[PDB]
S.K.: 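Handing you a structure now.
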Amino acid sequence: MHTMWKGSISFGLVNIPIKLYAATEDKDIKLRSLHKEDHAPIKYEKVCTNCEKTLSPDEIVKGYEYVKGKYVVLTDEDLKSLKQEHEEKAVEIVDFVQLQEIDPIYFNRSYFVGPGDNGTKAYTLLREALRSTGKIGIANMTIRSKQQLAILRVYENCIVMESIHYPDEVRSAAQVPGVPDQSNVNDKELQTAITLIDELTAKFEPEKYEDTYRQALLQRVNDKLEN
Amino acid sequence: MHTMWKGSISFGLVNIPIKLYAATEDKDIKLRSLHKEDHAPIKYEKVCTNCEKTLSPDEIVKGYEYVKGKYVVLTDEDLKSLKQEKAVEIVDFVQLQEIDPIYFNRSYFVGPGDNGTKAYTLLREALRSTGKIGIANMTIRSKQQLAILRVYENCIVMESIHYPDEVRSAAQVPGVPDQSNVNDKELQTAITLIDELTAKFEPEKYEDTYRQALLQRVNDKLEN
Amino acid sequence: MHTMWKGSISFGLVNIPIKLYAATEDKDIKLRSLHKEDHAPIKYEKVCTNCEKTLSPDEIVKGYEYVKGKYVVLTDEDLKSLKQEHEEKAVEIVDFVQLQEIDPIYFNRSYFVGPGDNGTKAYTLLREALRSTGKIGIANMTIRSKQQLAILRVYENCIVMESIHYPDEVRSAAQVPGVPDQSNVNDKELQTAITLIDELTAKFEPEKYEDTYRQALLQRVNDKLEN
Amino acid sequence: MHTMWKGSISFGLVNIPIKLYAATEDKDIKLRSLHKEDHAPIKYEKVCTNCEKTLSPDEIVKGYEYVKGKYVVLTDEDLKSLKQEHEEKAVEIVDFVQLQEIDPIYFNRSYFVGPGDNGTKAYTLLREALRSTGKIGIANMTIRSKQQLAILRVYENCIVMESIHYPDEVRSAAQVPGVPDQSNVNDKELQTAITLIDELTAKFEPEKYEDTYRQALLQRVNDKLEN
DNA sequence: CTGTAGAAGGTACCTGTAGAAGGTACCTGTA
DNA sequence: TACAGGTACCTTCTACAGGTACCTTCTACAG
């Protein structure tokens, strides 16, 4: 695959050089906007709502909307001052917690972690330690000037780094309206449900599920192209 | 807390009325572009790149780019026909460990609907006992996609997932070694290290430092 | 300085990307042999002592002299198989001993260890740990296809990696002929010797000592060059 | 042990007859180049680059390369006048500094110093004075027609004289690229690193480390011989 | 309040490429 | 043992441009 990030997993004296690859790709069809009669691509042009004039990029400033219709203009220098840029590309591990402690509810984006230069032995040691102890590593990571939380876990023979939502962005499963909390299920009905589920149970065949809409749109495009 | 979808989980004769709630919210800081002269928000005008002129939404169409610079225009009629082909239709049940969290894309809590509680708890208990997840097809808003249904705590969680062709293979990751050449003493030392840094998960410990810094700076600027 | 080796310091899970620089340079004067009448450089021509013919580098093979006058030929395959090559450039630390356990008579060559890419925090941690515990690290390294033993220690603000002689190559000071034991030493004579040493004691001035032969040769060369 | 040098440590009125012994030996495997057709050793013939004529040692003169391609020819008389000859083989001590003032990065070669004829009491007095004052003696010495700097120190019951590099041939540890200061060190991380280093700490056992390449080559030679 | 898509700027990492010299490593000779 | 001289080399940095995948942000439409 294509490497998108070069750095190291650092927690104290440990510093394992690693590389990141995107674990998923967006195959959804993107449709360009074209003029009805000219059939040319459409471009976005910035125009002020008050001065009603075209604005160059140097005439645009960023402003945080603090109440409805009122903006505190954050100067560029302020924006760079808020960012705590790091000169060292490191997935700095801040904690190690049991795997069950963090639900896949938190997970946002998945990355494949591969060994870097002169870091295969430490990579294998960390992978085996994580698999044996059955836990994951909570870390802080920056890809391109951002800053987010991540968890490192083990999937098959690879290490997977999943960025996660911050704990205050994840809602509570105990606040869901109407969810029962009493384990008063009947044994006969439960057994019938289990039998039905087992009847519907099959194996996971990834080739069985396909994007039908994508294939249909591609076939329509091919038919219109040939005709 | 706020219902965003109201339908039913359906397979065969089983039809459980359910409601969907977003399991996560985006609290990232969003900034509005403004003019420097008058500090008014800006707006986007769609103009043609071949010849500059403002176009109404009724003056534009959608075209799929098949090669570089060449598009096939999909008329709204055929686009609607393709989009045609409120229930979460379960196709089959697989094991919990058969689908990795790298498949998961979006998370939703599932709550019982009107007169749909007994079936809801029956399905939840069956899924928990059998250790299975239900693969299904569903549409949120004019976009059909694939999802799974699992049990988290005492709730049902529906995770809309990526299609299998959209997920890369862990075997294709460059340079990843095999599980054959790990020393026992080094492994024990590494395990001891990991156990030393092991701590309980404290959700209040981790916070968005950049967002708090930006909010504090905004408050200070407002005071000034 | 000029980096001469790029790799990492590895012991178990710990990996520290580092760079090697030569701590010393040979400033001695080198003289080129020239023809007396032509003043042109000379060339080494390899000629067999028996066939009395000039040999191409593909007509020459290496041989070990197990006994005087007889050689066992070690072909390319044997030498390649004996020389174990590693896929990773690592200073594999095997031991951590006390600093005083290894005498400077073991030391052979000195190298300065600088932080590598994304390897500064771990470098600082290792330096501080070595300085505080008063320990050195025994390791195996290979600069250019020649495996040897080394020790990592702390000098001032830097980490210094010294290659060392193998223990079988170092003689024992207890077997030096004629060296007396800790026999009784006269206190007055020892005090007089101490006062003499203190009288001759001065501070270390690196500029005080210089290679006088090199300066004399350079001055003679310059004098002949001028006139 | 074989005496390789016989002289006296001299400073002012103090003159201590001494003998020098090599403190280390080169046990590396050396392979003789041989002709592949007859398995006879090869020899080097000095031939001129331009004239392409075989040159006897009386037709070869030394030359210093001040610029690339141009050589100032230094005749025998010039080189003899440049070299300083001493009628007495003496290690002439110039001053004494502390043990810690000269780093082992200066050290080049090691020799054991043994008492000479009727020079045991002075040897013991010098050893005791150097040990008690914690000092080393900087000196000028010539082994065989090459004057160099040396330091005299005490190791176990012996005196060790180390030929050392000139100060201009030793690089500065403050110019190592990327080396940081000691200000930013986390205490918890430092304690973790110290605990890890103590975990890998072991007593120095010289019998554990051996030149595996030499043993492998000797085993291969023995296998080829026995067959 | 949430889902959904489109356009736009940017740059990191890989790919394809080459020259120089500084320090490694080895071999002989030679008294 | 000392001591030097010649020889093959190759690694790291210097000097180098093109291209794509992925990040990241911003607005707008729907109900």
Side-chain angles (χ1 to χ4, degrees), chain A residues 1-4 21-47 109-110 112 204-227, chain B residues 43-89 91-92 99 102-106 135-148 160-169 171-173:
Chain A
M1 328 156 161
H2 165 248
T3 311
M4 59 155 252
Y21 319 91
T24 39
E25 191 192 345
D26 221 333
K27 308 281 208 61
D28 282 337
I29 298 290
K30 325 226 172 320
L31 306 170
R32 198 100 152 78
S33 277
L34 320 167
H35 206 186
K36 208 149 200 176
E37 97 279 355
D38 190 22
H39 292 255
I42 305 317
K43 74 164 204 176
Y44 282 175
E45 182 216 347
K46 304 176 167 56
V47 167
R109 278 282 269 113
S110 307
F112 283 131
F204 182 49
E205 212 187 299
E207 307 90 28
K208 186 143 42 157
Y209 321 96
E210 319 254 335
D211 199 345
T212 43
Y213 176 80
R214 191 174 89 226
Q215 298 183 2
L217 200 134
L218 279 186
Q219 271 156 30
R220 210 70 50 217
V221 168
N222 274 335
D223 283 2
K224 250 182 216 211
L225 205 46
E226 282 273 341
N227 211 293
Chain B
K43 66 198 216 88
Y44 287 177
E45 310 266 354
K46 304 199 202 179
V47 316
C48 175
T49 194
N50 164 260
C51 41
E52 312 274 65
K53 43 201 192 334
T54 312
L55 330 171
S56 307
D58 275 357
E59 300 178 50
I60 71 193
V61 286
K62 305 276 268 271
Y64 163 97
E65 178 203 275
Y66 63 94
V67 299
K68 215 58 64 162
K70 268 145 212 96
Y71 319 104
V72 169
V73 172
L74 299 161
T75 298
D76 326 293
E77 187 270 327
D78 57 75
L79 275 178
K80 155 262 271 193
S81 303
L82 298 162
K83 197 246 314 170
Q84 172 69 85
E85 168 174 350
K86 254 204 184 280
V88 178
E89 292 119 359
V91 278
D92 50 309
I99 306 201
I102 67 170
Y103 276 86
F104 302 167
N105 179 25
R106 295 287 307 260
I135 315 198
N137 284 289
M138 41 93 50
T139 300
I140 300 269
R141 263 152 135 162
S142 289
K143 197 229 305 176
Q144 147 96 9
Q145 52 191 323
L146 206 75
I148 69 134
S160 98
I161 65 168
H162 303 99
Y163 279 106
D165 50 81
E166 299 181 314
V167 187
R168 275 92 183 271
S169 325
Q172 260 81 84
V173 184

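In what follows, chains are A, B, ... by sequence order, proteins preceding strands, each numbered from 1. Hydrogens, waters and symmetry mates are skipped; everything else that's a heavy atom, side chains included, is used.
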S.K.: Answer yes when B:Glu52 and A:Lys43 have at least one side-chain N-carboxylate O distance shorter than 4.0 Å, and no when they do not.
M.R.: yes
S.K.: Verify, without hydrogens or angle tests, whether A:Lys46 (side chain) and A:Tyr44 (backbone) share a donor-acceptor contact under 3.5 angstrom.
M.R.: no
S.K.: Run the side chain to side chain contact (heavy atoms under 4.5 Å, CB included) test on A:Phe112 and A:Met1 for me, step by step, so that the C-alpha distance in whole Å, both residues' side-chain angles and the decisive distance to 0.1 Å come before the verdict.
M.R.: CA-CA 10 Å; A:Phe112 283 131; A:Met1 328 156 161; 3.9 Å; yes
S.K.: Once rounded to the nearest 0.5 Å, what's the spacing between atom CG of A:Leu218 and atom CG of A:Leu225?
M.R.: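 A:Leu218 CG to A:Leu225 CG: 11.5 Å, rounded to 0.5 Å.
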S.K.: Answer whether the closest heavy-atom distance between the side chains of B:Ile161 and B:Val167 falls below 4.5 Å.
M.R.: no
S.K.: Under a 3.5 Å distance rule, please check whether B:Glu45 uses its side chain to pair with a backbone N or O of A:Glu45 as donor and acceptor.
M.R.: no
S.K.: Are the side chains of A:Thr24 and B:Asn105 in contact, using a 4.5 Å heavy-atom criterion?
M.R.: no
S.K.: Any heavy-atom pair between the side chains of A:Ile42 and B:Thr49 that's under 4.5 Å?
M.R.: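 No, too far: nothing below the 4.5 Å cut-off.
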S.K.: Please report the closest heavy-atom contact between A:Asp211 and A:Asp28, naming both atoms and the distance.
M.R.: OD2-OD1, 3.4 Å
S.K.: Taking side chain as C-beta onward, heavy atoms only, is A:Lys224 less than 4.5 Å from B:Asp78?
M.R.: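 Heavy-atom side-chain distance check passes, below 4.5 Å.
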S.K.: For the OH atom of B:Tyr71 and the OH atom of B:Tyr64, what is their distance to the nearest 0.5 Å?
M.R.: 12.5 Å
S.K.: Tell me, yes or no, whether the heavy-atom count around A:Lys27 atom NZ, taken from other residues, nucleotides or ligands under 6.0 Å, exceeds 12.
M.R.: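 More than 12 within 6.0 Å, yes.
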S.K.: Side chains of A:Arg220 and B:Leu79: does their closest heavy-atom pair fall under 4.5 Å?
M.R.: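 In short, these two side chains do not touch, never coming nearer than 4.5 Å.
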S.K.: Do B:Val61 and B:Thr75 pass the side chain to side chain contact (heavy atoms under 4.5 Å, CB included) test, and can you show the C-alpha distance, the side-chain angles, and the key distance before you say yes or no?
M.R.: CA-CA 7 Å; B:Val61 286; B:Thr75 298; over 6 Å; no
S.K.: Considering residues, nucleotides and ligands other than A:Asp26, do more than 12 of their heavy atoms fall under 6.0 Å from its CG?
M.R.: yes
S.K.: In Å and rounded to the nearest 0.5 Å, what is the NE2 to SG distance from A:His35 to B:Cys48?
M.R.: 6.5 Å
S.K.: For residues B:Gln145 and B:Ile140, report the shortest heavy-atom separation together with the two atoms involved.
M.R.: NE2-CG1, 3.7 Å
S.K.: Is there a side-chain contact between B:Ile99 and B:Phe104 in this structure, where contact means two heavy atoms from C-beta onward sitting under 4.5 Å apart?
M.R.: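 B:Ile99 vs B:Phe104: side chains touch.
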S.K.: Whether B:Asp165 and A:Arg214 form a salt bridge (side-chain N of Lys/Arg under 4.0 Å from carboxylate O of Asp/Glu) is what I want to check.
M.R.: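 The answer is yes: the pair qualifies as a salt bridge.
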S.K.: Looking at every non-hydrogen atom in both residues, tell me the closest pair between B:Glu65 and B:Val67 and how far apart they are.
M.R.: CG-O, 3.1 Å
S.K.: Rounded to the nearest 0.5 Å, how far apart are CD of B:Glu77 and CG of B:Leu82?
M.R.: 9.0 Å
S.K.: Is there a side-chain contact between B:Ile102 and B:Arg168, using heavy atoms and a 4.5 Å cut-off?
M.R.: no
S.K.: Return the OH to NZ distance between A:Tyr213 and B:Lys143, rounded to the nearest 0.5 Å.
M.R.: 11.5 Å
S.K.: What distance separates B:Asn137 CG from A:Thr212 OG1, expressed to the nearest 0.5 Å?
M.R.: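 One gets 7.0 Å once the value is rounded to the nearest 0.5 Å.
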S.K.: Above 12 or not: heavy atoms from other molecules or residues under 6.0 Å from CD of B:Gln84?
M.R.: no
S.K.: Verify side chain to side chain contact (heavy atoms under 4.5 Å, CB included) between A:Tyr209 and B:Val91, making sure each step is shown before the conclusion.
M.R.: CA-CA 10 Å; A:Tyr209 321 96; B:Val91 278; 4.2 Å; yes
